[PDB]
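Structural characterization, general
Here is what each chain is made of, one letter per residue.
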Amino acid sequence: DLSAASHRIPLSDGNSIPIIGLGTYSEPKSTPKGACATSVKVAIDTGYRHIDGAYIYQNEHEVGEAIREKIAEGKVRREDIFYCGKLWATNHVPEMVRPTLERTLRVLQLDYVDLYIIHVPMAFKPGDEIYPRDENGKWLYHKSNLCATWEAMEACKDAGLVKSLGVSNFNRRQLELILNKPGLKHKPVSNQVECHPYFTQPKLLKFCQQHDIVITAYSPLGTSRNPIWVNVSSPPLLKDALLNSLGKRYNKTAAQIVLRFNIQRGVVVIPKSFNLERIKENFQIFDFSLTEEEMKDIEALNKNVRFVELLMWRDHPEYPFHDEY
Ligand SMILES: NC(=O)c1ccc[n+]([C@@H]2O[C@H](COP(=O)([O-])OP(=O)(O)OC[C@H]3O[C@@H](n4cnc5c(N)ncnc54)[C@H](OP(=O)(O)O)[C@@H]3O)[C@@H](O)[C@H]2O)c1
Ligand SMILES: C[C@]12CC[C@H]3[C@@H](CCC4=CC(=O)CC[C@@]43C)[C@@H]1CC[C@@H]2O
Ligand SMILES: [Cl-]
């Protein structure tokens, strides 16, 4: 089934998604200009056909640049590349959804995105600020209306600006909001959430699977562990003894074991690397497979704890992480 040259899996709207892509979030402060563009190019040369991005990562112009260069030289056609962009919290107001997607299209200089997803279920104060809190540091929460925001998303697909629609960081209750929606035109095909062997998302995955929603594993290698936003209490994922042990068995790194685990069970992974060797390393996951014994054993590593808990927002009506799943 899955191979380096062919590893796209079905989405419920008849489209398909490469089961591995390149993540592109990088701390703007300490990232060299051009590093994203260079990485996307290397990834495409390597065999990646899926790139995950977001306007708020401040490098979507580099993503577009890289994709267009590869199309221009004839490495890929547009239809061979799958780009996922994201609608941020400050742009949830229905009237803003389309202009927000149009900005991303203009930044990429592309005609459409393959997947456009609601970044988080929480709405913030609209404005030239990505993360708006007041002087006292109170997160200016805007009133969320997910159904109305989703309707604006649907109109974007109707207009042909995007092939597939999805969400990110949505719990069961939030997905059911959309799924049960009166007059639902386009159901979510994708839910992008933290996922890896310390958090196999067993319940959310079964639930998503019942509705033909595909899970995309963000931070599939356990994040870069930046303390200013990541929960550095847990030990680094790539140090797990089991994962490293299985690595030895297959002559593979802990990262490659981690990625293989998630794809082998139909979860899309979007590991981020701006390093030449590691970009290649992460893609080499089609020449082996894990035994049912091993898959079960890795699953069992499931802590049911999160590296990305977003505690600073736990007091938003739509905070997704309270429910069991
Ligand atoms: N929907 C959301 O809310 C959300 C949230 C977070 C992230 N995301 C998306 O998911 C993507 C990936 O998650 P993530 O960036 O947070 O973290 P990640 O992909 O799990 O891991 C990234 C970190 O691991 C390092 N790394 C990559 N490959 C490695 C390897 N083979 N061995 C050892 N280290 C390796 C990278 O450094 P180097 O670059 O130097 O290799 C980077 O520091 C993000 O870039 C973004 O696209 C989405
Ligand atoms: C946590 C943070 C706001 C949320 C950002 C985070 C960088 C990583 C990140 C990636 C996303 O795609 C969702 C939002 C987040 C989680 C930013 C770093 C500083 C700021 O406080
Ligand atoms: Cl946005």
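Each value, and the rule that gives it
Residues numbered from 1 in each chain as written, not as in the entry; some residues may be left out. Chains lettered and ligands numbered in written order. Heavy atoms only, no water. Helix = DSSP H or I, 4+ residues; strand = E, 2+ residues; numbered from the N terminus. Rg over C-alpha atoms; globule rule 2.2 N^0.38 Å. Buried < 20%, exposed > 50% of the residue type's maximum accessible area, 1.4 Å probe, protein only. Contact = heavy atoms within 4.5 Å. Areas by Shrake-Rupley, 256 points an atom, 1.4 Å probe, with all protein chains shown as cover. Axes fitted to C-alpha atoms, helices over the stretch in contact; angles between N-to-C directions. Left-handed = near helix turned anticlockwise from the far one by under 90°. Nonpolar A, V, L, I, M, F, W, Y, C, P; charged D, E, K, R; others polar. Pairing = 2+ DSSP bridges. Arc of directions from axis to C-beta. Polar contact = N/O pair within 3.5 Å; in protein donor to acceptor, adjacent residues only side chain to side chain.

Further remarks concern the overall build of the protein chain. When helices and strands are counted, the protein chain shows 10 helices and 10 strands. Computed over C-alpha atoms, the radius of gyration of the protein chain comes to 19 Å, within 12% of the 20 Å expected from 2.2 N^0.38 for 325 residues, which places it in the range of a compact globule. For the C-alpha atoms alone, the extent of the protein chain along its principal axes is close to 55 × 45 × 40 Å. The buried share of the protein chain, taken over its 325 residues, is 55%. The long-range share in the protein chain, meaning contacts at least 24 apart out of those at least 6 apart in sequence, stands at 77%. Carbon and sulfur atoms make up 49% of the accessible area of the protein chain, which totals about 14400 Å².

With that settled, consider the packing of helix α1 (residues 35–46) against helix α9 (residues 276–283). Closest axis-to-axis distance for the α1/α9 pair is 10 Å, and the angle between their directions is 40°. At the point where α1 passes α9, the crossing takes the right-handed sense. Note on element contacts: α9 touches α1 through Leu276, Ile279, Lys280 and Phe283, opposite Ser39, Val42, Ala43 and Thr46. The residue makeup of the contact of α1 with α9, split by class, is five nonpolar, two polar and one charged.

Turning next to the sheet that holds strand β7 (residues 162–168). One open sheet accounts for eight strands, arranged β3-β4-β5-β6-β7-β8-β9-β10; its pairing is parallel. In this open sheet, the two strands that pair with only one neighbour each are β3 (22–23) and β10 (268–269). Sheet topology note: the β7/strand β8 (residues 190–194) ladder contains two bridges and is parallel. Looking at the pairing, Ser168 lines up with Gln192 of β8.

This paragraph deals with helix α7 (residues 241–250). Among all positions of α7, only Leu243, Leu246 and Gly247 are buried. The buried residues of α7 occupy an angular sector of 110° when the element is viewed end-on, so they sit on one face. Away from its buried face, by an angle of more than 90 degrees, α7 presents the exposed residues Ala241, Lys248 and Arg249. At its buried positions, α7 is contacted by α8 (254–264) and α10 (292–299). Between the side-chain oxygen at the start of α7 and the backbone nitrogen of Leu242 there is a gap of 2.9 Å, and the oxygen is on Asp240. One or two residues past the end of α7 sits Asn251, with phi positive at roughly 55°.

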